[PDB]
Amino acid sequence: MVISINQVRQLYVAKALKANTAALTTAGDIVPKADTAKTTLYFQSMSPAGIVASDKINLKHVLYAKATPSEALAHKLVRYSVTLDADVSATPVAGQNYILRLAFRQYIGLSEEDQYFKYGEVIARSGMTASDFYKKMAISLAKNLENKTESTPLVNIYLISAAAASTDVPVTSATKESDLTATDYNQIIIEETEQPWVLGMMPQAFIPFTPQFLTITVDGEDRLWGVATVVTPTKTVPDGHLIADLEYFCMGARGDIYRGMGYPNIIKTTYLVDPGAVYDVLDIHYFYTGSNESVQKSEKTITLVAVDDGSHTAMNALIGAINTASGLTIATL
Amino acid sequence: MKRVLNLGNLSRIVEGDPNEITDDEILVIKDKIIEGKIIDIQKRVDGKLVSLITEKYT
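### Section: the interface of chain A and chain B
Item 1. Across the boundary between the two partners, chain A contributes eight residues, which contact six residues of chain B.
Item 2. Summed over both partners, the interface of chain A with chain B buries about 680 Å², with 43% contributed by carbon and sulfur atoms.
Item 3. When the buried surface of chain A facing chain B is broken down by residue, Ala94(A), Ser126(A) and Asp219(A) rank first, second and third, together holding 54% of it.
Item 4. Seen at the junction of chain A and chain B, the total is one salt bridge.
Item 5. Notably, a salt bridge pairs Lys32(B) with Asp219(A), separated by 3.0 Å at the nearest N-O pair.
Item 6. There are five residue pairs in polar contact connecting chain A and chain B.
Item 7. Here the residues of the side of chain A that touches chain B are counted per class, giving three nonpolar, four polar and one charged.

Rendered as structure tokens:
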């Protein structure tokens, strides 16, 4: 998860807020320090290897300072709703191959020229009601998607009974028609997947898809048999991994930039972000100017991250202390 | 036993929209619920699209 920096970006984790530097005992403790006036701002950050302190911010040269509510970083899993097109026919027509084409973008590569396609097949029979078609279609998708010898997990198939309308029922390549017993299956849902993630190696990413349909011959003409709707999602990624990869990257601006390259001959760096939690982020921008001829600026970013208990309590405590010690008015969350 | 119509009049047995069926062509309406069965054979007479199968009751 390499990012772009305005001449630098630094990160410090706030696992606990203290009043003085004589109280920085634990390896996440932080405290904002500033003059009795308002001339410089810096933070005393307790590292796993002793106290440290951020760069010194000239408060005449603070450009912007703003926090985030920890929900602007969650990625909602793109959810779809497949259905028979009533216009063509509200039921399958016997003797027709109701194929479905799942077009995938951002497959192994990172561009969209990198595409991948996965199909489903359902040959309709006489008396094949709609629920049975969705059942057999979902199963064909699962089977063709998750063959035990298929590396990447691409999508999660689901089904919804018109009775519930909310509780989506899963469909795996291990699922059997015997397990799907209802008869009022209204539609087929398809959803994204949290691809595998590795700290510093494999960034948080997703494979976008769109269900594309194939033509069938209804009364005399070739027509698409379904409808691919983009319904509102219900599942998110909790932002834990973005911050972890952010710290991993932003602690090389403050230390070992090799992070394992010459393996036996490396430095071991500790990280205080728990990937599995959810964080609210504070970010400060500023710059440094020199004297007579050295007027050029050097803009900088000092970044903080706290833990979101759902009420933005810790990040609010930070902002309170920073504004009390700096005269700033960073808006609370 | 012999063929029912010259292939010229059989090549005009089509499968489509009832609104686009003129004369010099016969229409077949395939059945959906049933695979091979047919619903009706139709032939236009005076703008109306009438059936050639005689209605049969109990």
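### Quick word on the packing of aromatic side chains
Residues and elements named next belong to chain A.
Item 1. Enumeration according to the criterion identifies nine aromatic pairs over all chains in this entry.
Item 2. Between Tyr 107 and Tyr 116, the aromatic rings sit 4.2 Å apart at their centres with planes inclined by 5°, giving stacked as the arrangement.
Item 3. Look at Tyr 107 and you get buried, because its relative accessible area is 18%.
Item 4. Ring geometry for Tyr 248 versus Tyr 271: centroids 5.6 Å apart, planes at 40°, classification tilted. With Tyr 248 in helix α2 (residues 240–250) and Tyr 271 in the loop between α2 and β18 (279–289), this residue pair connects regions lying 23 residues apart in the sequence.
Item 5. An aromatic cluster is built from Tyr 98, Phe 133, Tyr 134, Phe 213 and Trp 225, whose rings are joined through pairwise contacts.
Item 6. Of note, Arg 79 hangs over the ring of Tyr 158, and the distance from its end group to the ring centre comes to 5.9 Å.
Item 7. Across the ring face of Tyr 12, the terminal group of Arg 254 is positioned such that the distance to the ring centre comes to 4.0 Å.

Parameters and conventions
Sequence order as written determines residue numbers, which begin from 1 on each chain and need not coincide with the entry numbering; residues that lack coordinates are not included. Think of it this way: whatever chain is written first is A, whatever ligand is written first is 1, and the rest follow in order. The assembly from which these chains come is larger than what is shown, and the figures reported cover only the shown chains. Computation of side-chain values covers all heavy atoms of the structure but excludes hydrogens and water. The contact definition used throughout considers only heavy atoms, calling two residues in contact when any of these lie within 4.5 Å. As a working definition, buried area equals the accessible area (1.4 Å probe) given up by two parts on being put together, with both sides summed. Salt bridges are defined by distance alone: a side-chain nitrogen of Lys or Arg within 4 Å of a carboxyl oxygen of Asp or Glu. Here a polar contact means two N or O atoms within 3.5 Å. Within protein one must be a hydrogen donor candidate and the other an acceptor candidate, and residues neighboring in sequence count only if both atoms are side-chain atoms. In the scheme used here, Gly and all other residues not listed as nonpolar or charged are polar, with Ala, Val, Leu, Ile, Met, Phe, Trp, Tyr, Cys and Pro taken as nonpolar and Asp, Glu, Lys and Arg as charged. Centres within 6.5 Å make a pair out of two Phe, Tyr or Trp rings, where for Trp the six-membered ring is used; the pair is then stacked when the planes are under 30 degrees apart, edge-to-face when over 60, and tilted otherwise. Here's how the labels work: a residue is buried when its accessible area is under 20% of the maximum for its type, exposed when over 50%, partly exposed in between, all with a 1.4 Å probe on protein chains only. What counts as a helix is a DSSP run of H or I of at least four residues, what counts as a strand is a run of E of at least two, and both are numbered from the N terminus. Two conditions define a charge sitting above a ring: the NZ of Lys or the CZ of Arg must be within 6 Å of the ring centre, and it must be within 35 degrees of the ring normal.

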